[PDB]
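Participant: What follows is data.pdb; its format and atoms are PDB, C-alpha atoms.
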```pdb
MODEL        1
ATOM      1  CA  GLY W   1      22.822  -2.264   5.458  1.00  0.00           C
ATOM      2  CA  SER W   2      20.860  -1.231   2.390  1.00  0.00           C
ATOM      3  CA  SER W   3      20.549  -3.802  -0.370  1.00  0.00           C
ATOM      4  CA  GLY W   4      18.538  -3.231  -3.526  1.00  0.00           C
ATOM      5  CA  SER W   5      15.646  -5.480  -4.473  1.00  0.00           C
ATOM      6  CA  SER W   6      15.075  -5.448  -8.215  1.00  0.00           C
ATOM      7  CA  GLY W   7      15.630  -2.054  -9.797  1.00  0.00           C
ATOM      8  CA  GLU W   8      16.834  -0.230 -12.887  1.00  0.00           C
ATOM      9  CA  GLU W   9      20.082   1.705 -12.727  1.00  0.00           C
ATOM     10  CA  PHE W  10      20.063   4.839 -14.849  1.00  0.00           C
ATOM     11  CA  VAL W  11      22.074   8.015 -15.295  1.00  0.00           C
ATOM     12  CA  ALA W  12      20.753  11.561 -15.366  1.00  0.00           C
ATOM     13  CA  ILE W  13      21.323  12.977 -18.830  1.00  0.00           C
ATOM     14  CA  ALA W  14      21.185  16.328 -17.076  1.00  0.00           C
ATOM     15  CA  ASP W  15      20.994  17.669 -13.541  1.00  0.00           C
ATOM     16  CA  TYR W  16      17.404  18.080 -12.416  1.00  0.00           C
ATOM     17  CA  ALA W  17      15.641  19.822  -9.555  1.00  0.00           C
ATOM     18  CA  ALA W  18      12.444  18.404  -8.107  1.00  0.00           C
ATOM     19  CA  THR W  19       9.752  21.051  -8.389  1.00  0.00           C
ATOM     20  CA  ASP W  20       7.540  19.251  -5.901  1.00  0.00           C
ATOM     21  CA  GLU W  21       8.086  17.384  -2.655  1.00  0.00           C
ATOM     22  CA  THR W  22       7.291  14.157  -4.466  1.00  0.00           C
ATOM     23  CA  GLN W  23      10.182  14.241  -6.909  1.00  0.00           C
ATOM     24  CA  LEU W  24      13.816  13.209  -6.676  1.00  0.00           C
ATOM     25  CA  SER W  25      16.691  15.562  -7.398  1.00  0.00           C
ATOM     26  CA  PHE W  26      19.940  14.303  -8.878  1.00  0.00           C
ATOM     27  CA  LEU W  27      22.952  15.434 -10.871  1.00  0.00           C
ATOM     28  CA  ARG W  28      23.893  14.387 -14.384  1.00  0.00           C
ATOM     29  CA  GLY W  29      25.598  11.023 -14.057  1.00  0.00           C
ATOM     30  CA  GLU W  30      24.012  10.243 -10.710  1.00  0.00           C
ATOM     31  CA  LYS W  31      23.003   6.598 -10.549  1.00  0.00           C
ATOM     32  CA  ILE W  32      19.229   6.818 -10.372  1.00  0.00           C
ATOM     33  CA  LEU W  33      17.318   3.683  -9.450  1.00  0.00           C
ATOM     34  CA  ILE W  34      14.188   3.195 -11.521  1.00  0.00           C
ATOM     35  CA  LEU W  35      12.215   1.096  -9.067  1.00  0.00           C
ATOM     36  CA  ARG W  36       9.063   1.136 -11.161  1.00  0.00           C
ATOM     37  CA  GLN W  37       8.046   2.750 -14.430  1.00  0.00           C
ATOM     38  CA  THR W  38       4.274   2.859 -14.138  1.00  0.00           C
ATOM     39  CA  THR W  39       4.047   5.394 -16.939  1.00  0.00           C
ATOM     40  CA  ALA W  40       6.133   6.124 -20.012  1.00  0.00           C
ATOM     41  CA  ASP W  41       6.288   9.723 -18.848  1.00  0.00           C
ATOM     42  CA  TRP W  42       6.595   9.455 -15.085  1.00  0.00           C
ATOM     43  CA  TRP W  43       8.855   6.853 -13.520  1.00  0.00           C
ATOM     44  CA  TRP W  44       9.125   5.788  -9.898  1.00  0.00           C
ATOM     45  CA  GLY W  45      12.664   6.214  -8.628  1.00  0.00           C
ATOM     46  CA  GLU W  46      14.285   5.722  -5.242  1.00  0.00           C
ATOM     47  CA  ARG W  47      16.915   7.934  -3.657  1.00  0.00           C
ATOM     48  CA  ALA W  48      19.174   7.331  -0.681  1.00  0.00           C
ATOM     49  CA  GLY W  49      16.685   6.145   1.912  1.00  0.00           C
ATOM     50  CA  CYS W  50      14.229   8.275  -0.026  1.00  0.00           C
ATOM     51  CA  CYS W  51      11.369   7.308  -2.309  1.00  0.00           C
ATOM     52  CA  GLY W  52       9.863   9.648  -4.875  1.00  0.00           C
ATOM     53  CA  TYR W  53       8.777   9.942  -8.489  1.00  0.00           C
ATOM     54  CA  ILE W  54      11.028  10.835 -11.397  1.00  0.00           C
ATOM     55  CA  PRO W  55      10.337  12.060 -14.938  1.00  0.00           C
ATOM     56  CA  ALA W  56      11.046  10.082 -18.086  1.00  0.00           C
ATOM     57  CA  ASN W  57      13.581  12.092 -20.052  1.00  0.00           C
ATOM     58  CA  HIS W  58      16.105  13.397 -17.553  1.00  0.00           C
ATOM     59  CA  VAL W  59      17.312   9.833 -17.144  1.00  0.00           C
ATOM     60  CA  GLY W  60      18.392   7.414 -19.847  1.00  0.00           C
ATOM     61  CA  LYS W  61      21.407   5.857 -21.522  1.00  0.00           C
ATOM     62  CA  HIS W  62      23.012   2.709 -20.169  1.00  0.00           C
ATOM     63  CA  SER W  63      26.169   1.634 -18.376  1.00  0.00           C
ATOM     64  CA  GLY W  64      29.004  -0.250 -20.032  1.00  0.00           C
ATOM     65  CA  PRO W  65      32.477   0.252 -21.516  1.00  0.00           C
ATOM     66  CA  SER W  66      33.996   3.703 -21.849  1.00  0.00           C
ATOM     67  CA  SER W  67      32.017   5.731 -19.341  1.00  0.00           C
ATOM     68  CA  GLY W  68      34.513   8.572 -19.190  1.00  0.00           C
TER
ENDMDL
END
```
Any chance you could give the structure as structure tokens?

Facilitator:
Amino acid sequence: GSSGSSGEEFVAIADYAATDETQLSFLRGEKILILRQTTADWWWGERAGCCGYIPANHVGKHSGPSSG
């Protein structure tokens, strides 16, 4: 199947739309995988069978109790 190998699960604080063909587009809440950070501004995420870069602001927060 498709198993993850070390990653950071995050949630989009707001729906975003990749402006380039090197960005990932998700919807607020979407579980974004922060493969690598690299920069404190640009993060390296990974979509479904996709691999692109993601910004550092649209994603944040953490998972736990009371998620809605």

Participant: Please identify all polymer residues lying at most 12 Å from the point (16.2, -3.1, -4.0) (file coordinates), using all atoms listed in the file, and present the result as a PDB file with C-alpha atoms, keeping the file's coordinate frame.

Facilitator:
```pdb
ATOM      1  CA  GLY W   1      22.822  -2.264   5.458  1.00  0.00           C
ATOM      2  CA  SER W   2      20.860  -1.231   2.390  1.00  0.00           C
ATOM      3  CA  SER W   3      20.549  -3.802  -0.370  1.00  0.00           C
ATOM      4  CA  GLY W   4      18.538  -3.231  -3.526  1.00  0.00           C
ATOM      5  CA  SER W   5      15.646  -5.480  -4.473  1.00  0.00           C
ATOM      6  CA  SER W   6      15.075  -5.448  -8.215  1.00  0.00           C
ATOM      7  CA  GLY W   7      15.630  -2.054  -9.797  1.00  0.00           C
ATOM      8  CA  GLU W   8      16.834  -0.230 -12.887  1.00  0.00           C
ATOM      9  CA  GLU W   9      20.082   1.705 -12.727  1.00  0.00           C
ATOM     10  CA  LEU W  33      17.318   3.683  -9.450  1.00  0.00           C
ATOM     11  CA  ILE W  34      14.188   3.195 -11.521  1.00  0.00           C
ATOM     12  CA  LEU W  35      12.215   1.096  -9.067  1.00  0.00           C
ATOM     13  CA  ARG W  36       9.063   1.136 -11.161  1.00  0.00           C
ATOM     14  CA  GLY W  45      12.664   6.214  -8.628  1.00  0.00           C
ATOM     15  CA  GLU W  46      14.285   5.722  -5.242  1.00  0.00           C
ATOM     16  CA  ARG W  47      16.915   7.934  -3.657  1.00  0.00           C
ATOM     17  CA  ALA W  48      19.174   7.331  -0.681  1.00  0.00           C
ATOM     18  CA  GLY W  49      16.685   6.145   1.912  1.00  0.00           C
ATOM     19  CA  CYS W  51      11.369   7.308  -2.309  1.00  0.00           C
TER      20      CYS W  51
END
```

Participant: One number please: atom CA of residue W:11 to atom CA of residue W:55, in Å, one decimal.

Facilitator: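 Separation of atom CA of residue W:11 and atom CA of residue W:55: 12.4 Å.
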
Participant: So how far away is atom CA of residue W:40 from atom CA of residue W:27, in Å?

Facilitator: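 Going from atom CA of residue W:27 over to atom CA of residue W:40 covers 21.3 Å.
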
Participant: To test your reading of the syntax: which residues would the PyMOL selection byres ((chain W and resi 57) around 10) return for the file shown? Reply as number ranges by chain.

Facilitator: W: 12-14, 40-43, 54-56, 58-60

Participant: Any idea what the distance is between atom CA of residue W:63 and atom CA of residue W:18?

Facilitator: 24.0 Å

Participant: Quick one: axis-aligned box around all listed atoms of stretch 12-26 of chain W, 5 Å on every side, centre and edge lengths in Å to one decimal, written as lines of an AutoDock Vina configuration file.

Facilitator:
```
center_x = 14.3
center_y = 16.3
center_z = -10.7
size_x = 24.0
size_y = 19.5
size_z = 26.2
```

Participant: Find the residues around residue W:20 up to 10 Å (all atoms listed in the file counted), leave out those fewer than 5 positions away in its own chain, and share them as number ranges by chain.

Facilitator: W: 25, 52-53

Participant: Point out the residue among W:50, W:44, W:16, W:10 with the least atom-to-atom distance to residue W:31, counting all atoms listed in the file.

Facilitator: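 Among the listed residues, the smallest separation from residue W:31 belongs to W:10.
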